[PDB]
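A quick write-up on the structure given underneath.
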Amino acid sequence: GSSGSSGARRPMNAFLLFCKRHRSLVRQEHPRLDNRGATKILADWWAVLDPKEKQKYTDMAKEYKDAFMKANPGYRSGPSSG
């Protein structure tokens with residue numbers, strides 16, 4: 001959370017995935033926009049996303065993250081998905 005340190009760097013997320021996918025889309029429909037602006041458009045785009053899509057995305061993140069997950073002592077993972 002927010003204790004007092006900026007994590008090294010996270011992988012991605014179901015949302016961060018759609019942004020990395022629609023990134024160009026937005027950037028295109030709005031090149032002038034800024035990393036903040038284009039990111040403000042993606043948000044909504046996501047905010048207006050179905051589950052099926054989120055699912056696949058979530059998997060990608062749940063898959064991309066795990067991969068990254070290596071040197072993490074304080075982590076969570078219950079016996080259900082393996």
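Chains: A, B, ... in order of the structure tokens. Residues: from 1 per chain. Ligands: from 1, in order shown.
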
Do you know which residues are at most 12 Å from residue A:41 counting only C-alpha atoms, after dropping those on the same chain fewer than 6 positions away, and could you put them as JSON, numbers by chain? {"A": [18, 19, 22, 23, 24, 25, 26, 27, 28, 29, 30, 31, 33, 34, 35, 47, 48]}

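Note that atom CA of residue A:57 and atom CA of residue A:40 are 18.8 Å apart.
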
Tell me which protein, DNA and RNA residues are within 12 Å of residue A:67, counting only C-alpha atoms, leaving out same-chain ones fewer than 6 positions away, and put them as a short mmCIF file (atom, residue, chain, number, x, y, z; two decimals) with N, CA and C atoms, in the first residue's frame.
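The resulting result_30.cif:
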```cif
data_model
loop_
_atom_site.label_atom_id
_atom_site.label_comp_id
_atom_site.auth_asym_id
_atom_site.auth_seq_id
_atom_site.Cartn_x
_atom_site.Cartn_y
_atom_site.Cartn_z
N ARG A 10 5.90 -2.10 -10.91
CA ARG A 10 4.93 -3.17 -11.09
C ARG A 10 4.84 -3.56 -12.57
N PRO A 11 4.28 -4.77 -12.81
CA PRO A 11 4.14 -5.27 -14.17
C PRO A 11 2.99 -4.57 -14.89
N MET A 12 1.80 -5.14 -14.75
CA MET A 12 0.62 -4.57 -15.38
C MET A 12 -0.66 -5.04 -14.67
N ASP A 59 -6.49 -12.11 -16.70
CA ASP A 59 -5.66 -13.29 -16.84
C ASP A 59 -4.24 -12.87 -17.23
N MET A 60 -4.18 -11.99 -18.22
CA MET A 60 -2.90 -11.50 -18.70
C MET A 60 -2.08 -10.88 -17.56
N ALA A 61 -2.78 -10.12 -16.73
CA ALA A 61 -2.13 -9.47 -15.60
C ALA A 61 -1.79 -10.52 -14.54
#
```

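Distance annotation: of A:32, A:76, A:21, A:62, the residue with the minimal separation from residue A:45 is A:21; atom set is only C-alpha atoms.
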